[PDB]
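Novice: Got a sequence here, can you model it:
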Amino acid sequence: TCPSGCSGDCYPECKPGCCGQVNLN
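Specialist: Numbers count the residues shown, from 1 in each chain. The structure is reproduced below:
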């Protein structure tokens, strides 16, 4: 799965960035 606390929406890619931290700007 996606790291602990990852938004299921980031699933199934489970990108730590979406998973644990949203900040691409």
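
Novice: Please count neighbours and contacts with C-alpha atoms only from this point.
Specialist: Fine.

Novice: For the residue nearest the centre of the chain, give me its contacts.
Specialist: The centroid of the chain falls nearest to residue 19 when counting by Cα atoms, centre = their mean (1.6 Å). Contact partners of residue 19, counting by Cα atoms under 8 Å, 6 or more residues apart in numbering, are 2-7, 10.

Novice: quick one: it and residue 25, what's the gap?
Specialist: As judged by Cα to Cα, to the nearest Å, residue 19 and residue 25 stand 16 Å apart.

Novice: do residue 16 as well
Specialist: 16 Å.

Novice: burial of the residue lying closest to residue 23 once chain neighbours are set aside, as a residue count?
Specialist: Of all residues not flanking residue 23 in the chain, residue 17 sits nearest, at 7.7 Å (Cα to Cα, 6 or more residues apart in numbering). When neighbours are counted by other Cα atoms under 10 Å, residue 17 registers 13.

Novice: same thing with residue 25?
Specialist: For residue 25, the neighbour count with other Cα under 10 Å is 3.

Novice: List the residues that contact it.
Specialist: Shown in contact with residue 25 (Cα under 8 Å, 6+ apart): no residues.

Novice: swap in residue 22?
Specialist: Contact analysis of residue 22 by Cα under 8 Å, 6+ apart lists nothing.

Novice: do residue 24 as well
Specialist: Neighbouring residues of residue 24 by Cα under 8 Å, 6+ apart: there are none.

Novice: let's see it at 10 Å
Specialist: When contacts are counted by Cα atoms under 10 Å, 6 or more residues apart in numbering, residue 24 is found next to 17-18.

Novice: do the same with residue 17
Specialist: Neighbouring residues of residue 17 by Cα under 10 Å, 6+ apart: 3, 6, 10, 23-24.

Novice: can you pick the most crowded of those?
Specialist: Neighbour count (other Cα under 10 Å) singles out residue 6 as the most crowded of the contacts of residue 17, with 18 neighbours.
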